[PDB]
Amino acid sequence: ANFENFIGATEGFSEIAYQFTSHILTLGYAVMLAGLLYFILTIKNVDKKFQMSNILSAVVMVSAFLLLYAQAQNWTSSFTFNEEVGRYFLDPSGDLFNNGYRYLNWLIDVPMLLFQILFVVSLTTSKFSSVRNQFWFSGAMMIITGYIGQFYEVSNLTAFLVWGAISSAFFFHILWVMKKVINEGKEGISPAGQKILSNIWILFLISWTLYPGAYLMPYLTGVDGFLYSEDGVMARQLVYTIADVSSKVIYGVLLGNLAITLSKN
Ligand SMILES: *C\C=C(C)/C=C/C=C(C)/C=C/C1=C(C)CCCC1(C)C
């Protein structure tokens, strides 16, 4: 299956790496529940015309709470302690760790997080339907090809890499279109909102880049190095959780602040 199930079957997990990974992944879904309440409760502070952005954030929160909770359980319930070795090992009598929950979550969120900025910023010379359709197409393909390449994570490394680069192509298309969007979005609005739009752009850039970083993390120290272990698994799930909080929660808080700033007129 995956690099996680490999380590779980071929070397096992120190209680620290196991309990750490369960804790960070719990942090993950708990934060999505906190954000859900935040977006619902704040929806009154923004004019009707921006509220659709809050709505989309609330929906993203629901789909990340539900799927990142499924994955938390999947990770905990997939390994059992061995008293002889004192380490956690993949259980043959379980579901086995399965990261489809995460890709299913990305496939849902991606249209919604890309669509929502289009409800707070106005374009200048670009058409709303062109940006939208371009976001949705390459957002879906980025994920689908990323899911395919992930089927070869442990087995064929070279396929894992060439698919990753395919999925990166679509990612770079999205970063291109988002940059145009942020440029046209800057025209006209106050300097304060231009400041927030620039913050949104940097956070969008880093936070989305963390995801390919966590996809390559075990092989980053070579095909036999330090991260090729329970420590790369630890780091991979830590980066993911950081990327989840930033691109899903923090992103929508920033768009909310912008919308309020745009109601000063
Ligand atoms: C949770 C919400 C979103 C928008 C998640 C986004 C995830 C990514 C941008 C993942 C990207 C990948 C890339 C760029 C290439 C390797 C495979 C990944 C799917 C991890």
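Observations
- Along the chain, the longest continuous region that contains none of the trypsin sites (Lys or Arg not before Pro) in a DSSP loop with at most 15 other C-beta atoms within 10 Å is 128-263.
- Counted by Cβ distance under 9 Å from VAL121, the other residues give a net charge of 0, where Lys and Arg count +1 and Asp and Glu count -1.
- Take every pair of alpha-carbon atoms less than 8 Å apart whose residues are at least six positions apart; their mean separation over the length of the chain yields a relative contact order of 24 percent.
- A Förster distance of 25 Å, applied to the separation of the beta-carbon atoms of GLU84 and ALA30, puts the FRET efficiency at 0.15.
- Close amide H contacts of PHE79 (hydrogens built in the peptide plane, cut-off under 5 Å, sequence separation of 5 or more or a different chain): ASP91.
- Under 13 Å, Cβ to Cβ, from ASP109 - net charge with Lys/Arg +1 and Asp/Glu -1: +1
- Mean residue ellipticity (222 nm) of the chain, computed from DSSP H runs ≥ 4 via -39,500 (n - 2.57), nearest 500: -24500 deg cm²/dmol
- 3J(HN,Hα) from dihedral phi, the range 25-31, Karplus parametrisation 6.51/-1.76/1.60, rounded to Hz, x for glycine, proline: 6, 6, 2, x, 6, 5, 5
- Using 0.36 nm per residue and subtracting the Cα-Cα separation, the extra length available between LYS44 and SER198 on full extension is 53.0 nm.
- Summarising the label geometry, the points placed 7 Å from Cα in the beta-carbon direction at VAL62 and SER168 lie 3.6 nm from one another.
- Hz values of 3J(HN,Hα) by residue in the range 9-18 - Karplus curve (6.51, -1.76, 1.60), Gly and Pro given as x: 9, 10, 8, x, 10, 4, 3, 5, 4, 6
- Positive-pole candidate from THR21, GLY256, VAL245, dipole of the chain, charges at beta carbon: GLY256
- Most fluctuating residue given options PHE137, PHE79, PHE160, as computed from a GNM of the chain linking Cα atoms under 10 Å: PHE137
- Near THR21, once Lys and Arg are set to +1 and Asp and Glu to -1 for all other residues with Cβ below 12 Å from its Cβ, the sum equals -3.
- Computed from phi, the 3J(HN,Hα) profile of the range 118-131 under the Karplus parametrisation 6.51, -1.76, 1.60 (θ = phi - 60°) reads 5, 9, 10, 9, 9, 6, 9, 9, 8, 8, 3, 6, 5, 4 Hz, with x in place of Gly and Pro.
Since every read-out is calculated from the coordinates, none of them should be taken as a lab result. Neighbour counts are summed over all protein chains in view; Cβ atoms, including those assigned to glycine, are modelled from backbone coordinates with ideal geometry.
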